[PDB]
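Heads up, the thing below is written out as structure tokens.
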Amino acid sequence: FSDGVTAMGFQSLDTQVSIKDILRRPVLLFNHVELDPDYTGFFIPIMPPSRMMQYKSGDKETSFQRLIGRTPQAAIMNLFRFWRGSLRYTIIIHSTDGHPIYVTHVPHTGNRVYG
Amino acid sequence: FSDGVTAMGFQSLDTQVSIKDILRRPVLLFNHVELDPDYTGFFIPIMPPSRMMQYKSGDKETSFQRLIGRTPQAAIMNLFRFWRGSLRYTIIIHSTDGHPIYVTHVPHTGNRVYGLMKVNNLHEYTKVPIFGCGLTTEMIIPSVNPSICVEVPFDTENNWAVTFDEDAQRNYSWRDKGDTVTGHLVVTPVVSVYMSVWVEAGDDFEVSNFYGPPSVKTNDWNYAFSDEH
Amino acid sequence: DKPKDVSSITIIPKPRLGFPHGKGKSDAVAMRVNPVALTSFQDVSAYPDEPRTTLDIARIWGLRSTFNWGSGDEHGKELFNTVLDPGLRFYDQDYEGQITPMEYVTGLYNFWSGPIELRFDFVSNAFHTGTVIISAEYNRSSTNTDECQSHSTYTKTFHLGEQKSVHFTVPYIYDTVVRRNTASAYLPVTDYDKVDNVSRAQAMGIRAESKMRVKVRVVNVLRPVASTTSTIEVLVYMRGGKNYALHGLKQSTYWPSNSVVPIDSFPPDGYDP
Amino acid sequence: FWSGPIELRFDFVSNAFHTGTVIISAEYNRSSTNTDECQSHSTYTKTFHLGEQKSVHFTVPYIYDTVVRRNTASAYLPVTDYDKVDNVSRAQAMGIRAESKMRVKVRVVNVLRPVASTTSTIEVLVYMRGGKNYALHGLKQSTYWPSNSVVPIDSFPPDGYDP
Amino acid sequence: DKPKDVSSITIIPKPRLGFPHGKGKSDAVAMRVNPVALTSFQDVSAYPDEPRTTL
Amino acid sequence: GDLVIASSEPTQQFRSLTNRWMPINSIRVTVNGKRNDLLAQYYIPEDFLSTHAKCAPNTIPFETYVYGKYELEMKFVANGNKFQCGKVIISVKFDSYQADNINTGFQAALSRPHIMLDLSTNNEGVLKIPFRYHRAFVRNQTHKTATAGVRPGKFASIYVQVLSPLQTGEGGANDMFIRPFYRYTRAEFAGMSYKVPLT
Amino acid sequence: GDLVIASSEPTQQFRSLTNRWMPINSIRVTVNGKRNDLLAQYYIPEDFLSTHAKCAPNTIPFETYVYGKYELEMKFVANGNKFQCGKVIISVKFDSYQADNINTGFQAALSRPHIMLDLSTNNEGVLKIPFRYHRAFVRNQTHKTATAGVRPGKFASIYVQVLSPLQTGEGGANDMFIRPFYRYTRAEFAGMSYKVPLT
Amino acid sequence: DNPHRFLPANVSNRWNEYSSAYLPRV
């Protein structure tokens, strides 16, 4: 039978088939979480979302977003195990006040924590 | 008799005779409406204003603006049934606070809803937000800039979208029911807060399938004096 | 190295860009992957017969009115008589019908100008015959008994015979370069509220009515054969001229009342039986 | 959204001493009755003669009313913990499952007549992939999601890691 | 690709522009369709006997 | 554009079967008709399948195929004596599904592409009716095993209306008739399948 | 030669509807068969109309037209295991009306154009069957208002016979099947008329 | 209920639209 003509670029010139372009679209990690000044501060592990961050029915309730597993980005990262390069985080404060919030990088030490 | 000379460009060089340029001027959809964080969020159907959104005397009071039918844009959209291309919405928050409001696009699914609504009748949406599912999103911050101008794309299977139907509430075949929209826009708050939504055409927009003027009614004579006392 | 940035400028912050303006520049944010990606019209595009302007909508022929003409109707009798306003059909009563496209789309603009064409088609055979006239009166109306006053104004006589149609151009002569619309630019009264002089006192504008009139009279009476009908009907078509103009977008005069129902959420709202 | 042809490769788990004829049918706009083979013969078919070659390539075409078909499964499902679903919950779905009545059927043309020395009942592998002109559009929430050996993370090593 | 925007400048925010100044530049927003459209004086214009200055 | 992409297989034309003319049942035009009253209305090509012209050779290919594009012409013939007078307008409306109640006026008929028949001169009228539907193809036939989501056989509506009522003389004929014809100018068919009876 | 003269109007082809293959009901080939015994016999194109392949798209044009010329091909498929052996011959006989009883032997099958199927190797066979009838055209359909002087739908007969009986080994399959296919290579149609159900 | 859900049987078809056979709806 005939292979026919493709439909790529018929509707619009917005192609989303690339792997990296899927991975470059942002995902919500933590939704409306508290910061306590009593402690050192909130820790975020530098890793892309995957089946690691996947919520299960009737497990221990973490501070993570539940549908992270069902996001496209985590679905792509469940096909590849290796990754290299920088990552970009977008942080939003729920305040208008003058008191600043310092974001400090930590390089690879060995431990693996969050919260 | 003589055809004479035209008066186009006599007063000023502001010509407003173009169809698209009328459609590109924005229209108020929702005026000072509440956002409830208990629900998933406010839903907006991706469609231009028309006789669908027309208010009637003594019907059920919707959250829509009443004079949408009497706007020029809806009047032009009551001449054409087909339309294709992106649309632009301008959303305004009635707040100064830091708590952001996430606006998330939904492509053509099939359903056709509006207003504040629960998805699948749950009783919790904070742990499982719609804006962190995977869909395309952009956030508003009232403390920086409480307005926004998003451009919803034309992501559907149809060569043209249906503007209007002969009856809005008729329970006909469900697959053809969904051709009134090209999906939805989702507004998700943090706390209970007011907003307003505006609609206008994108740069890439087109209308076709011309029907002409339907049956109308007026009574504007009654609400004005003549110039003879 | 880490040198300082000495460059600076004064800025005025604004909430939106091109919000009033229909064209120019936009502050739009694309909900796409590629921000420069637009909707394609390479395969499916506009049809060439379709109008690009609202004036081209005003160049479509629409039936303004009809009127009957009989053998009993003597010479000098006003067959037709109206105020040719593209704004309103009536100044004195409710309207409810199928308005012409040019009056429909003129109902959107505050200002109009240019000539307005009328095409009179006659619903007859080749055995109806009789002479009628087309009068255009400015600054004054004529008495219905006095045909001679109407003959002085801008007229065009037609001899009914084989050709059962006549084209006519209503000119545009007034004190002003452009005329404004008679109907209001904003009416917030929606639910047919009982209106008094107090409510009329706080109108958004004043109905600047026109005393221009279009009349058609009998020159020579319709003398048909007995074999055919005595009382025929006349179609009065109407559209804007080729130099017709519109300006100043405002709220629509007319609005649909035939088969209008408000929407509801599909399908939570009792759609599933 | 998806579009374009979808290829099927049928591999037959047999020897060179199995033989018999089968057909590949692609039906649009309507299904055929299971008793009536003749209705299926009218549709877009490809007959294969089983012999030495124990495989056949096939291209399922793409003919529908639309240029692109949309996905049947929902674009957003916030129900995670297997909640008991009623018509009220189904009433407030994010989309409607626009199902397809397209069907792929394989029938017996001539019956498998093997030698007695080999097996009578063989097995068929049905492989599948997108065509070379396959297309996708409109990113949404994933339909499928892993359920095999999933455990949530915890802070290493404060959370009882040191024995 | 999605590269970062390294360019930046220091800015001083002001409420209005050319508010004291009779000439120079303006921060005006046209209530028109075409933002560059101005009122025509092609047919009807000033009379030549009329004064341009207060002197 | 949408033809080649939406259909993997190439579409077929049947010029011998399609391009020929075909009459339907007549239209009675009385003096009892008022303005904006329907003489006739048709949902093409369904009313050329089920009701009118069942056993036409034009309706041969519509059994087997399940998709197609349709550009038609429709010649109408009026026949009244010279001692009558009346005006009949016939317009077309593209993708008229759930839009028959509204924009159904003689005004909308004038606005949309139309033909204007006089009943004294006995002129003919030709409606070039192209394919303008909100999909690539229209579904041809309903079926008891098919889905109930898509309404087939309706991509356009014909509207035959009184523009101005028929008038006659003394002791004249109280009515006259109009015979509609039709033919297919571009009929492309996709999705070959087993044949069925037409509705 | 006889085409253009006998038909004032030009004949039409429907290559999309005609040139495609079409199966029919199968043929059981047993070990119980003797020499010169019929597996199958067909009166083309009547047995492709009435009995086998009623609702085929190949049978779409045969409703409306009343005359035609017919050049066919018929591919037969045999499928038996390698521990069997047998010979099946299939021949054609042009204008076989009132000539089915005589020249029906396997000898006549060898003499007439034929195909020779082995049931072990599982070969296929292609019968190029041209149009050789004692008139210009063959009549397509019978009708209750038509004349009873001419017998329609029979310009040739197919004959599927045992050439040598099927033999099998110890505990082998007692039978094997043959599936006949057919298609139209040159199908010209004259005399357009109103459609009818096929027999 | 809502009376606008279904067109009544007299003037409707199986697809719940106005019948093309029915003229006097106008």
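Chain lettering (A, B, ...) mirrors the order of the structure tokens, residue numbering begins at 1 for each chain separately, and ligand numbering begins at 1 in order of display.
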
Those in chain G with strand (DSSP E or B) from DSSP, as a PyMOL selection string: chain G and resi 12+22-23+27-30+38-45+65-79+84-94+114-118+124-129+138-139+154-168+175-192

Counting only C-alpha atoms, chain C residues within 8 Å of chain D, as an NGL selection string: :C and (267-268 or 272)

Within 12 Å of residue 108 of chain B using only C-alpha atoms, minus same-chain residues under 5 positions, as a VMD selection string: (chain B and resid 45 to 47 152 to 158 161 175 177 to 185) or (chain D and resid 1 68 to 72 74 to 75 94 to 98 137 to 140)

Create the file for the chosen residues now, containing C-alpha atoms and written as an mmCIF file, in the first residue's frame.
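File out05.cif, as written:
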```cif
data_model
loop_
_atom_site.group_PDB
_atom_site.id
_atom_site.type_symbol
_atom_site.label_atom_id
_atom_site.label_comp_id
_atom_site.auth_asym_id
_atom_site.auth_seq_id
_atom_site.Cartn_x
_atom_site.Cartn_y
_atom_site.Cartn_z
ATOM 1 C CA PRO B 45 -13.692 27.488 26.671
ATOM 2 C CA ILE B 46 -11.350 28.395 23.780
ATOM 3 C CA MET B 47 -13.856 30.041 21.410
ATOM 4 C CA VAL B 152 -3.810 29.762 23.107
ATOM 5 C CA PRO B 153 -2.958 27.800 19.890
ATOM 6 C CA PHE B 154 -5.263 25.979 17.433
ATOM 7 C CA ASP B 155 -4.563 22.346 18.444
ATOM 8 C CA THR B 156 -7.417 20.185 17.069
ATOM 9 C CA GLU B 157 -8.227 17.753 14.206
ATOM 10 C CA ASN B 158 -10.651 20.046 12.294
ATOM 11 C CA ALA B 161 -14.046 25.190 14.242
ATOM 12 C CA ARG B 175 -18.247 14.082 19.061
ATOM 13 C CA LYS B 177 -20.735 18.731 20.374
ATOM 14 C CA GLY B 178 -17.010 19.361 21.076
ATOM 15 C CA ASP B 179 -16.316 21.244 17.792
ATOM 16 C CA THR B 180 -17.539 24.514 19.439
ATOM 17 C CA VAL B 181 -14.131 24.685 21.257
ATOM 18 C CA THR B 182 -10.451 23.809 20.611
ATOM 19 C CA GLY B 183 -9.858 22.816 24.282
ATOM 20 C CA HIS B 184 -9.786 24.930 27.473
ATOM 21 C CA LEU B 185 -7.667 27.331 29.512
ATOM 22 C CA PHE D 1 -2.904 13.908 18.583
ATOM 23 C CA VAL D 68 -5.331 13.978 12.538
ATOM 24 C CA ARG D 69 -6.990 11.685 15.132
ATOM 25 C CA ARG D 70 -7.009 12.595 18.854
ATOM 26 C CA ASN D 71 -6.137 10.256 21.755
ATOM 27 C CA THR D 72 -9.035 8.332 23.355
ATOM 28 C CA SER D 74 -7.969 11.534 29.115
ATOM 29 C CA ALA D 75 -5.487 14.459 29.021
ATOM 30 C CA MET D 94 -11.693 16.597 31.351
ATOM 31 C CA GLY D 95 -12.510 15.054 27.931
ATOM 32 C CA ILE D 96 -14.759 12.532 26.153
ATOM 33 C CA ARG D 97 -13.391 9.164 24.939
ATOM 34 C CA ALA D 98 -13.866 9.545 21.151
ATOM 35 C CA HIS D 137 1.279 16.631 18.416
ATOM 36 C CA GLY D 138 0.004 18.300 21.627
ATOM 37 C CA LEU D 139 1.856 17.268 24.820
ATOM 38 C CA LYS D 140 -0.422 16.026 27.643
#
```

Shell of 10 Å around residue 29 of chain E, only C-alpha atoms, local chain residues under 4 positions omitted, as a PyMOL selection string: (chain C and resi 17-21) or (chain E and resi 35)

Chain F contacts on chain D, only C-alpha atoms, 6 Å, as a PyMOL selection string: chain D and resi 30+39+42-43+61-63+65-67

Same residues, N, CA, C and O atoms, output as a tab-separated table (two decimals), in the first residue's frame:
```
chain	number	residue	atom	x	y	z
D	30	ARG	N	-16.84	0.88	9.36
D	30	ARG	CA	-17.75	-0.24	9.61
D	30	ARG	C	-16.93	-1.50	9.95
D	30	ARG	O	-15.82	-1.67	9.44
D	39	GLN	N	-17.49	-9.94	3.36
D	39	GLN	CA	-17.52	-8.51	3.73
D	39	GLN	C	-16.10	-8.00	3.99
D	39	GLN	O	-15.77	-6.88	3.59
D	42	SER	N	-13.81	-7.43	0.82
D	42	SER	CA	-14.09	-6.17	0.11
D	42	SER	C	-13.18	-5.03	0.60
D	42	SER	O	-12.85	-4.14	-0.18
D	43	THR	N	-12.77	-5.09	1.87
D	43	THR	CA	-11.97	-4.03	2.52
D	43	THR	C	-10.51	-4.16	2.06
D	43	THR	O	-10.20	-4.98	1.19
D	61	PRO	N	-2.93	1.49	6.46
D	61	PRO	CA	-3.04	2.88	5.99
D	61	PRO	C	-3.75	3.79	7.01
D	61	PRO	O	-4.16	3.33	8.08
D	62	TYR	N	-3.87	5.07	6.65
D	62	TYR	CA	-4.56	6.07	7.46
D	62	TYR	C	-5.58	6.81	6.57
D	62	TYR	O	-5.20	7.70	5.81
D	63	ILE	N	-6.85	6.39	6.67
D	63	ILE	CA	-7.98	7.06	6.01
D	63	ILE	C	-9.07	7.29	7.07
D	63	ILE	O	-9.63	6.33	7.60
D	65	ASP	N	-12.10	10.77	8.35
D	65	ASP	CA	-12.76	12.05	8.07
D	65	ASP	C	-11.83	13.23	8.40
D	65	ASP	O	-11.88	14.25	7.71
D	66	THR	N	-11.00	13.07	9.44
D	66	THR	CA	-10.09	14.13	9.92
D	66	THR	C	-8.67	13.91	9.38
D	66	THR	O	-8.32	12.81	8.95
D	67	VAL	N	-7.87	14.99	9.41
D	67	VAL	CA	-6.46	14.97	8.99
D	67	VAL	C	-5.61	14.32	10.09
D	67	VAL	O	-4.64	13.63	9.79
```

Spatial neighbours of segment 186-199 of chain C, max dist 7 Å, only C-alpha atoms, sep filter under 3 positions, as a list in words: residues 57 and 223 of chain B; 202, 204 and 251 of chain C

Take the residues that were just selected and, keeping N, CA and C atoms, output them as a CSV table (one decimal), in the first residue's frame.
```
chain,number,residue,atom,x,y,z
B,57,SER,N,-33.3,37.9,28.2
B,57,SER,CA,-34.1,38.5,29.3
B,57,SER,C,-34.9,37.4,30.0
B,223,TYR,N,-35.1,54.8,24.3
B,223,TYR,CA,-34.2,55.3,25.4
B,223,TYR,C,-33.3,56.5,25.0
C,202,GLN,N,-30.9,60.7,31.2
C,202,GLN,CA,-29.6,60.2,31.4
C,202,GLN,C,-29.2,59.2,30.3
C,204,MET,N,-26.9,58.2,26.9
C,204,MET,CA,-25.5,58.4,26.6
C,204,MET,C,-25.3,59.3,25.4
C,251,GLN,N,-21.2,50.0,20.4
C,251,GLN,CA,-22.1,48.9,20.7
C,251,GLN,C,-23.1,48.7,19.6
```

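Within 6 Å of chain E, chain B contributes the residues residues 11, 12, 13 and 14 of chain B, using only C-alpha atoms.
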